[PDB]
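Beneath this line is the structure, given in structure tokens, with notes to follow.
The basis for the numbers below is simple: all heavy atoms, side chains too, and nothing from hydrogens, waters or symmetry mates. Residue numbers count from 1 along this sequence.
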Amino acid sequence: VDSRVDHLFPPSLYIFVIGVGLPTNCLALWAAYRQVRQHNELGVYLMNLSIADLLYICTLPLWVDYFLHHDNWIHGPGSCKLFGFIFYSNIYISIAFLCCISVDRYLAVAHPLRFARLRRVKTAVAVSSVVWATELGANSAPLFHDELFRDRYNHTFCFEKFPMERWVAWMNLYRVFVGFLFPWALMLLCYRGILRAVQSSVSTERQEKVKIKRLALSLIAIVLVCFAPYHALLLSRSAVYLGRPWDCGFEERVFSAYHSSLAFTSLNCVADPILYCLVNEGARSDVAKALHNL
């Protein structure tokens, strides 16, 4: 039952994220659709990443007023189960679909002559549906459990509880080791293979190989820069519990840094549209044509 200062950094970082990430993700979704209309399957995964980003962005204002009102959620019991679910599961949706994009690219570069069936529009939408269903189902655990967390320090605690309960900590261990590192490991392996397949390209000039290297490094470094503080803090905070649950010891001071690492996670919603629909020259041409059709 200890409170800190988390009312200026997250509250305005979310403002920046919303204001920059609604239009970029709308454009990314349009470019994804135009990729789909050309019988290219990458647009499907791009749509499924952009829709997650859009849901996160449109459910952010509940939390900008959750933090700006000084941890006060006067938006009711029912709302916290839904908007909180979206806000706490879009990161996992997004990382899963980023992993899908990386795996799709790897099969299309390292093995350009094989796996024809796995690279189609119908297969892409089937995999997309499977990923959405499985991720929502495995994040379903904090739905039934009615939060109803109030304390004697003028809080309201929408979806958050200090200290963690039994189920929240074991949920957080999954939320880290299966929702962050495993998709990250697959992403890194896939892009290392993609860069491995380019040194044997006679066609591409050495300048283009380094130009590909910079993107393939940024795409997996931004994941660290956006997610690693949050998940390292979550893992540490949970590991303190299971060794000594009754002591509100570590949760006393790392609270403010934990909320800051929660807010800072929300940059991998303006980062994704950039790296996946604006750095590319061809996709930017389609985006310009779209902006030139209005």
Side-chain angles (χ1 to χ4, degrees), residues 10 13-14 16-18 20-21 24-25 28 31-32 42 45-52 54-56 60 86-110 127-128 131-132 134 138 172-179 181-196 211-238 257-276 278-280 283:
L13 184 143
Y14 287 152
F16 177 77
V17 165
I18 297 169
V20 187
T24 51
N25 286 280
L42 198 77
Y45 309 108
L46 285 184
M47 293 180 183
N48 293 112
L49 164 64
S50 294
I51 287 171
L54 277 182
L55 284 194
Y56 192 86
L60 264 177
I86 312 190
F87 165 83
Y88 273 89
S89 181
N90 277 128
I91 70 180
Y92 305 109
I93 303 293
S94 165
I95 193 66
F97 281 133
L98 284 176
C99 176
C100 287
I101 294 166
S102 187
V103 177
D104 200 11
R105 287 181 170 171
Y106 168 77
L107 294 188
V109 170
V127 164
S128 284
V131 165
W132 273 99
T134 193
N172 278 339
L173 276 296
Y174 155 85
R175 280 213 216 113
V176 167
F177 275 5
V178 183
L181 270 73
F182 176 71
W184 191 78
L186 294 174
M187 185 180 288
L188 185 135
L189 292 186
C190 290
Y191 280 119
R192 172 160 74 71
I194 287 169
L195 292 179
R196 179 168 316 290
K211 186 168 75 70
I212 292 174
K213 192 217 285 171
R214 277 193 217 121
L215 294 174
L217 287 192
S218 65
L219 261 57
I220 63 174
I222 301 309
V223 176
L224 277 296
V225 178
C226 288
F227 292 163
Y230 181 76
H231 291 242
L233 272 191
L234 213 61
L235 160 69
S236 68
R237 180 152 100 91
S238 192
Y258 164 83
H259 278 289
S260 307
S261 66
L262 186 142
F264 183 53
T265 288
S266 166
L267 277 296
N268 194 0
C269 290
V270 307
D272 276 348
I274 301 299
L275 305 154
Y276 291 87
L278 295 180
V279 289
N280 187 359

Kindly compute the distance separating [atom1] ([X]) from [atom2] ([Y]), expressed to the nearest 0.5 Å.
{"X": "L98", "Y": "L186", "atom1": "CG", "atom2": "CG", "value": "12.0 Å"}
{"X": "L46", "Y": "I101", "atom1": "CG", "atom2": "CD1", "value": "4.5 Å"}
{"X": "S266", "Y": "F227", "atom1": "OG", "atom2": "CZ", "value": "9.5 Å"}
{"X": "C99", "Y": "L189", "atom1": "SG", "atom2": "CG", "value": "9.5 Å"}
{"X": "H231", "Y": "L262", "atom1": "NE2", "atom2": "CG", "value": "9.5 Å"}
{"X": "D272", "Y": "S50", "atom1": "CG", "atom2": "OG", "value": "8.0 Å"}

Close side-chain approach of [X] to [Y], heavy-atom, < 4.5 Å:
{"X": "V131", "Y": "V127", "value": "yes"}
{"X": "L275", "Y": "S218", "value": "yes"}
{"X": "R105", "Y": "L42", "value": "yes"}
{"X": "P183", "Y": "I95", "value": "yes"}
{"X": "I51", "Y": "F97", "value": "no"}
{"X": "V270", "Y": "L267", "value": "yes"}

- [ ] Decide yes or no on side chain to side chain contact (heavy atoms under 4.5 Å, CB included) for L219 and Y276, but give the supporting numbers first.
- [x] CA-CA 9 Å; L219 261 57; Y276 291 87; 3.6 Å; yes

Task: Distance-only side-chain donor-acceptor flag, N268 / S94, under 3.5 Å - done: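 The criterion, which ignores hydrogens and geometry beyond distance, is not satisfied for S94 and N268.
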
Open item on the list: Could you tell me if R175 and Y88 have a donor-acceptor pair between their side chains, going purely by distance under 3.5 Å?
Closed with: no

Looking at [X] and [Y], what are the two nearest heavy atoms and their distance?
{"X": "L173", "Y": "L235", "result": "CD1-CD1, 3.9 Å"}
{"X": "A271", "Y": "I222", "result": "CB-CG2, 3.6 Å"}
{"X": "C269", "Y": "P273", "result": "O-CD, 3.2 Å"}
{"X": "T265", "Y": "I91", "result": "CG2-CG2, 3.7 Å"}

Task: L234 backbone acceptor or donor facing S238 side chain under 3.5 Å - done: no

Task: Test item: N25 side-chain N/O and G21 main-chain N/O as donor-acceptor pair under 3.5 Å - done: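 It does hold such a pair.
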
TODO: Step by step, work out the side chain to side chain contact (heavy atoms under 4.5 Å, CB included) result for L215 and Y191.
DONE: CA-CA 10 Å; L215 294 174; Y191 280 119; over 6 Å; no

TODO: Please find out if less than 6.0 Å separates the ring center of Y56 from that of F87.
DONE: yes

TODO: Could you please spell out the steps behind the side chain to side chain contact (heavy atoms under 4.5 Å, CB included) verdict for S128 and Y45?
DONE: CA-CA 7 Å; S128 284; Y45 309 108; 4.1 Å; yes

- [ ] Quick one: list whatever passes side-chain contact (heavy atoms from CB on, under 4.5 Å) with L188, sequence neighbours left out.
- [x]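 With sequence neighbours excluded, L188 shows a side-chain contact (heavy atoms from CB on, under 4.5 Å) to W184, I220, given in chain and number order.
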
Open item on the list: Which residues pass the side-chain contact (heavy atoms from CB on, under 4.5 Å) test with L233, not counting sequence neighbours?
Closed with: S236, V254, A257, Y258, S261

Open item on the list: Going by the rule ring-ring contact (aromatic ring centres under 6.0 Å, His included), which residues pair with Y106 if we only count those two or more places apart in sequence or in a different chain?
Closed with: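 In terms of ring-ring contact (aromatic ring centres under 6.0 Å, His included), with neighbours along the sequence ignored, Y106 is linked to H111.
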
